[PDB]
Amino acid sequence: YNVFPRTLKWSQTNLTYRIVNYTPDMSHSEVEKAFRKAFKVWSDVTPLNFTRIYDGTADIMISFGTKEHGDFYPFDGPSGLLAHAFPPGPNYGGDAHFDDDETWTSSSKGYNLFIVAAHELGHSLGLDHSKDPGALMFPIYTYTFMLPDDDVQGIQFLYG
């Protein structure tokens, strides 16, 4: 596993997240279940706790956008770039963006939202990409859930 320069991590163990908008190809309920499961993957192995808020600014703002969407990481339409997230810190730190031009699903037909979200949240928590091919933080999409050992070691190094 790998961490970001200066080992970025959250100072508090009680973090908030907010789903700003939704993708059209999935019902609001399935999008919410996807993220709920994504956060659980990480809360189960760390002393971290996540609370979903609906108004205001949360520690982790989740949004869907297309092409140019407000930052220095524009999307590229169907396929290619799927999503990106920012490491722990103020402002957009911790935020996760998902390409709305993708066909997100709860199954395995298109790009599974849960698995991508789980990967992105790893970044939101302080983990950079891993060199271990079987790690969730490996930079390649492959959907077949139990968090691989490399990821557990990495996240527990930061918050354990």
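A residue's number is simply how far along the shown sequence it sits, counting from 1.
Which fits the stretch between residue 144 and residue 145: none, 1 to 3, 4 to 9, or 10 or more deposited residues lacking coordinates?
Going from residue 144 to residue 145, the model skips 4 to 9 residues of the deposited sequence.
Between 66-74 and 37-45, which has the higher average C-alpha B-factor in the PDB entry?
Higher mean C-alpha B-factor in the PDB entry: 66-74.
Which is higher on mean Cα B factor in this entry, 21-29 or 8-16?
According to the PDB entry, the answer is 21-29.
Maximum C-alpha temperature factor per the entry, among 51, 124, 130, 106, belongs to which one?
Of 51, 124, 130, 106, 106 has the highest C-alpha B-factor.
Select lowest, middle or highest to describe the third in which the CA B-factor of residue 99 falls within its chain in this entry.
It falls in the middle third of the chain.
Once the chain's modelled residues are ordered by C-alpha B factor and cut into thirds, is residue 93 in the lowest, middle or highest one?
Within its chain, residue 93 is a lowest-third residue by C-alpha B-factor, going by the deposited values.
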